[PDB]
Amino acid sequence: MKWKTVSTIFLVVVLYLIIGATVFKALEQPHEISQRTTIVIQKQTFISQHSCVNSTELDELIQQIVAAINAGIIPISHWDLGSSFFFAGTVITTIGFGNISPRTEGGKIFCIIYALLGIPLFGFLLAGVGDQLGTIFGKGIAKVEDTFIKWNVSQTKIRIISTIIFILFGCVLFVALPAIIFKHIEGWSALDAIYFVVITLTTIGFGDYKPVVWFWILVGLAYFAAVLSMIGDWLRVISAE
């Protein structure tokens, strides 16, 4: 890649971040202001309903929870075998964590080595998953492409339907399916469920929150890898234009 292209893409990225900074402030800062009043009211409500507790003592209890969260414990275990397996999973997938992370010197030393060896290893698995699914999808798309060719239909119409099949696959497993699960377990809206899924499978990560579950995460990460690769290809078309 030429240096002239690198400086142009850098400028587009800086511009895109300014657009992001402007829209996020516009959509999120007024709600945060109103949520400060929600806190103040809920605080004044607690002191009124529990007169034996005063504002200074309530602030002392909040700072203890701050100390606990800073110590790496949310006041159910975080470092049991099962929870440690999911934690090791968020490391090698690069999804990450919020406040629950190693706090010991040895735990930090191991996490550095574990990530450096594990992230390439999981990328190898994910590369193979995407390739296996791509062959399964490619064989299915070939039967549809052969059928539409025999009944004389244009190539532009053939690729248009192939994109609908790809979007529907993502709509079923990563839009509709989690909207049903997260509305039953957590009671979240379709948008709160879809937001959780996009953020997890792009590996941005949600912060702090058996065979079919790990299979869904693997196919999901493979699917969004293909989605972001396709959007990347679309950006190469816009750049050439």
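Just count from 1 along the sequence shown to find any residue number.
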Residues without coordinates, deposited sequence, stretch from residue 75 to residue 76: is the count none, 1 to 3, 4 to 9, or 10 or more? 4 to 9
According to the PDB entry, how many deposited residues between residue 214 and residue 215 are absent from the model (none, 1 to 3, 4 to 9, 10 or more)? none
Ranked by mean Cα B-factor in the entry, 93-101 and 144-152, top stretch is 144-152
Look up the CA B-factors in the entry and say which stretch, 104-112 or 153-161, has the higher mean. 153-161
If I read the C-alpha B-factors straight from the PDB entry, which of 35, 49, 70, 200 is highest? 49
Taking the entry's C-alpha B-factors for this chain, is residue 138 in the lowest, middle or highest third? highest
For residue 88, return the chain-relative third of its C-alpha B-factor as stated in the PDB record: lowest, middle or highest. lowest
For residue 180, the third of its chain into which the C-alpha B factor falls: highest
Residue 31: C-alpha B-factor third of its chain, per the entry, is the lowest
Test of reading the entry: by CA B factor among the chain's modelled residues, which third contains residue 173? middle
